[PDB]
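Here is the structure we will look at, set down as structure tokens.
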Amino acid sequence: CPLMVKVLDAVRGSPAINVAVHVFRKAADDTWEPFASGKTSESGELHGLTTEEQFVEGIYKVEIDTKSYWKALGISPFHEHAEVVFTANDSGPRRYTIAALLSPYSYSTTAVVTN
Amino acid sequence: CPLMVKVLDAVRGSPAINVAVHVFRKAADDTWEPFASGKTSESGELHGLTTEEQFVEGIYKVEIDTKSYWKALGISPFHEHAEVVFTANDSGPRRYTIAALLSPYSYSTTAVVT
Amino acid sequence: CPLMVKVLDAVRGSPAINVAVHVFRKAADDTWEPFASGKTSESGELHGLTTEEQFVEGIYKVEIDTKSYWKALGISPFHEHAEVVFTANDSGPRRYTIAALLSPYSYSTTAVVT
Amino acid sequence: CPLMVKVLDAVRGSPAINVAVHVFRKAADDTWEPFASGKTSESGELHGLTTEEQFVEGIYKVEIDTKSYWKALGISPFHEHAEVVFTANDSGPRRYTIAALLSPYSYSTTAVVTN
């Protein structure tokens, strides 16, 4: 699993379940083309987005639909969504864990990169 | 001053100076059109991006060029940049302050609406 | 104003108003003795805690009563309070700004030393 | 495992390894008595701090020795350590995961509480 996403809820102190995640890869013409998508599980995690064969070097954008998540809880959020943009595998294959911590008017995202 | 940005450096414990910031507004055709831009001052703040007359309801994207900032310090960052996308409501008197806290492999952004 | 505190509310997107803050200085016998205290203003800031004459080198603890703040809003928080423990260096002109961002089950604190 | 601690390094994008953690429980006389301690593993995690039998209701303080960690990397940190103080098991046994994200002049801590 070369690309994993984990989302936590800072208001309830629990994993953010059923959060939609869309991943994009920047194409030759500087356009963001769909790459993979999914929803976080009961543990707030999303695995199996891609394979090492398909996850080649490039610039990727991970979009986390935070807005839908908060509205489903009756809270009015500030952000439309949380975005994480990074260059990946620029120097060989790496395993990426994108973690996000969510609050209505704030979020933090961290990346853990391992071999 | 309806829209203000503040950027801090969590590695050095100081404001992030001379960080380039680009703001975009989503156009009718779902395209991001340039709206305003600038660089943070010595206090890590960026004021005067727009006026209340120009800052109408809409979806905005604030892009903080974090990558250039870290490279200028000899550190290899993870993110290409930090992005904040939000809808400017305009329901009563409201000033938007977008704060960002930067680290090489992490960042947090918070919105203060007063 | 060598020591300033700023508290923000990540749930409401506003400054955390009327939050009690207690500062302690570690004494010779490794005991925490009261040093200063106050409540954040409408801007979520607390100024005038001490003077440069009184703020000498030492280990300080800034305690933010986050629990009372959340309960006053009808939310059950996780933490009893947020604590920031640091050594005031005093190596050249330096002002300390302790910023805290609050959520019911999480908080982040950052120090800006300018 | 009722009490688990996870520490990440926001500067290197990796788990914070070998970070010392001390847990205290507030005693009757309002004194902090040692409860458990350990060091984070290669994954930045610390398990087996206590058992459900021993982890009774009370106020606990989790101290993470962030200062030693940063100095061992040649960086001068701001904080002496990161502290997390909370009431636990006040309404029956719960599983607590204390997560901390570290930077030289900043840190964030989040709690995930499950049954």
Side-chain angles (χ1 to χ4, degrees), chain A residues 13, chain C residues 19-39 58-86 100 102 104-107 109, chain D residues 1-7 19-40 46-68 79-100 107 109-115:
Chain C
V19 177
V21 177
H22 291 73
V23 182
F24 302 86
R25 179 168 186 291
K26 213 172 191 180
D29 66 308
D30 294 301
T31 285
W32 288 116
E33 70 174 61
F35 181 76
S37 65
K39 270 180 173 295
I59 296 179
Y60 296 75
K61 168 156 61 179
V62 177
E63 189 170 68
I64 306 174
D65 183 18
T66 57
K67 190 172 188 174
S68 293
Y69 177 71
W70 289 119
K71 292 197 295 67
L73 293 180
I75 297 176
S76 59
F78 176 77
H79 310 92
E80 284 299 300
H81 51 244
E83 284 183 43
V84 182
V85 183
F86 64 102
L102 314 177
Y105 285 70
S106 176
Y107 70 81
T109 180
Chain D
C1 216
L3 180 53
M4 204 267 283
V5 179
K6 182 177 181 59
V7 190
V19 175
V21 177
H22 290 75
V23 183
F24 302 86
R25 180 169 185 287
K26 214 171 191 180
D29 66 308
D30 294 301
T31 284
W32 288 114
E33 69 174 62
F35 181 74
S37 67
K39 270 180 174 292
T40 60
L46 178 48
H47 301 80
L49 277 172
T50 185
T51 57
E52 54 185 2
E53 196 69 290
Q54 160 185 296
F55 192 44
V56 299
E57 303 188 310
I59 297 177
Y60 295 76
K61 166 156 62 178
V62 177
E63 191 170 67
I64 305 176
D65 185 18
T66 56
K67 190 172 188 174
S68 295
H79 310 90
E80 283 299 300
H81 51 243
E83 285 182 42
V84 179
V85 184
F86 59 106
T87 300
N89 310 303
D90 41 291
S91 71
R94 294 290 183 288
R95 307 301 188 189
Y96 299 81
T97 293
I98 303 298
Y107 71 79
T109 181
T110 308
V112 179
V113 183
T114 56
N115 284 60

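Letters A, B, ... mirror the listed sequences (proteins, then strands); counts begin at 1. Atom set for the values below is all heavy atoms of this structure, side chains included, hydrogens, waters and symmetry mates excluded.
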Residues forming a salt bridge (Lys or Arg N to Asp or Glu O under 4.0 Å) with [X], sequence neighbours excluded:
X: C/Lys61; result: C/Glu83
X: D/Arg94; result: none
X: C/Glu63; result: none

Inter- and intrachain pairs under salt bridge (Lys or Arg N to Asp or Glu O under 4.0 Å), touching [range], at least two apart:
range: residues 84-93 of chain D; value: none
range: residues 47-57 of chain D; value: D/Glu52-D/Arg95
range: residues 20-39 of chain D; value: none

What residues form a side chain to side chain donor-acceptor pair (under 3.5 Å) with [X], not counting sequence neighbours?
X: D/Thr50; result: D/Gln54
X: D/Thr87; result: C/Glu80
X: D/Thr110; result: C/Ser106

Any chance you could lay out the side chain to side chain contact (heavy atoms under 4.5 Å, CB included) test for C/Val62 and C/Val21, step after step, and finish with the verdict?
CA-CA 7 Å; C/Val62 177; C/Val21 177; 3.8 Å; yes

Value for OG1 (D/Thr66) from NE2 (D/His81), rounded to nearest 0.5 Å, stands at 8.0 Å

Would you compute the distance between atom CD1 of D/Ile98 and atom CD1 of D/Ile64 and round it to the nearest 0.5 angstrom?
8.0 Å

Sub-4.5 Å side-chain heavy-atom contact between D/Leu49 and D/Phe55:
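Side chain of D/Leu49 against side chain of D/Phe55, heavy atoms only: no contact under 4.5 Å found.
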
Could you check whether any side-chain heavy atom of C/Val85 comes within less than 4.5 Å of a side-chain heavy atom of C/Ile59, counting everything from C-beta outward?
yes

What do you reckon, are the aromatic ring centroids of D/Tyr60 and D/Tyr96 less than 6.0 Å apart?
no

Show me the donor-acceptor pairs within less than 3.5 Å that the side chains of residues 68-75 of chain C make with the rest of the protein, sequence neighbours left out.
from: C/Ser68; atom 1: OG; to: C/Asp65; atom 2: OD1; distance (Å): 3.4
from: C/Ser68; atom 1: OG; to: C/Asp65; atom 2: OD2; distance (Å): 2.6
from: C/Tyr69; atom 1: OH; to: C/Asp9; atom 2: OD2; distance (Å): 2.5
from: C/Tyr69; atom 1: OH; to: C/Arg12; atom 2: NH2; distance (Å): 2.9

Set of ring pair (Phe, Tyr, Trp, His ring centres under 6.0 Å) partners for C/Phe24, sequence neighbours left out:
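For C/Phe24 there are no ring pair (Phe, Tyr, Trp, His ring centres under 6.0 Å) partners, ignoring immediate neighbours.
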
Under the ring pair (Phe, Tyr, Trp, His ring centres under 6.0 Å) rule, collect the residues that match up with C/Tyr107, sequence neighbours excluded.
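Only C/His79 meet the ring pair (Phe, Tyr, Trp, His ring centres under 6.0 Å) criterion with C/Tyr107.
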
C/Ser76 versus C/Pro104, closest heavy-atom pair with distance
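The pair with the smallest heavy-atom distance is O-CB, 4.3 Å.
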
Contact summary for D/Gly48 and D/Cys1, nearest pair of heavy atoms
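Heavy-atom minimum between the residues: N-SG, 3.4 Å.
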
